[PDB]
Amino acid sequence: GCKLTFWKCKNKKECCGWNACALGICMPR
């Protein structure tokens with residue numbers, strides 16, 4: 001379910017630490 005930064009995410013609201021799913025993962029929040 002919830003993931004961190006470099007965790008393959010679908011959207012930016014699925015990572016626990018409000019980040020941005022840009023490079024196929026959460027990174028440039």
# chains A, B, ... in the order shown; residues from 1 in each chain; ligands from 1
$ residues_around --residues "residue 20 (chain A)" --least-positions-apart "5" --cutoff "10 Å" --atoms "only C-alpha atoms" --output "MDAnalysis selection string"
chainID A and resid 5 9:15 25:29
